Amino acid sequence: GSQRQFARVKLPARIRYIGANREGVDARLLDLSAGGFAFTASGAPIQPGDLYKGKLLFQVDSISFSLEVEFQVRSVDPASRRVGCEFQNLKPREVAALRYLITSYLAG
């Protein structure tokens, strides 16, 4: 039946985008995969289908690595404000960079 195509991992990372009310959002990722991510929304209304451009932020030691992304909201949990998102139009460099982060995180 339905199958998650990419493993989802809880590696430390942040999402930054401009949402409703032209308010910026800076939130901790609940999980991350080659296909998308999840985070906890912040008060401002958000609904499945909403589309945003933003930056994925990764920091370890004195490395900071950033990824500009387009994502569409695919689920919003009213109780927890959990928002689940799908990347749209990921460039091959981006895809590969994501997989590097995720492969390294898996197995240490």
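All residue numbers are counted from 1 along the displayed sequence.
Where do the C-alpha atoms have the higher mean temperature factor in this entry, in 18-26 or in 93-101?
-> In the deposited entry, the stretch with the higher C-alpha B-factor mean is 18-26.
Select between 42-50 and 68-76 the stretch whose C-alpha atoms have the higher average B-factor in the entry.
-> Mean C-alpha B-factor is greater for 42-50.
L106: which third of its chain by C-alpha temperature factor?
-> Middle third of the chain for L106's C-alpha B-factor.
Relative to the other modelled residues of the same chain, rank the CA B-factor of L32 and answer lowest, middle or highest third.
-> Lowest third of the chain for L32's C-alpha B-factor.
Sorting the chain's CA B-factors, does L56 end up in the lowest, middle or highest third?
-> Middle third by C-alpha B-factor.
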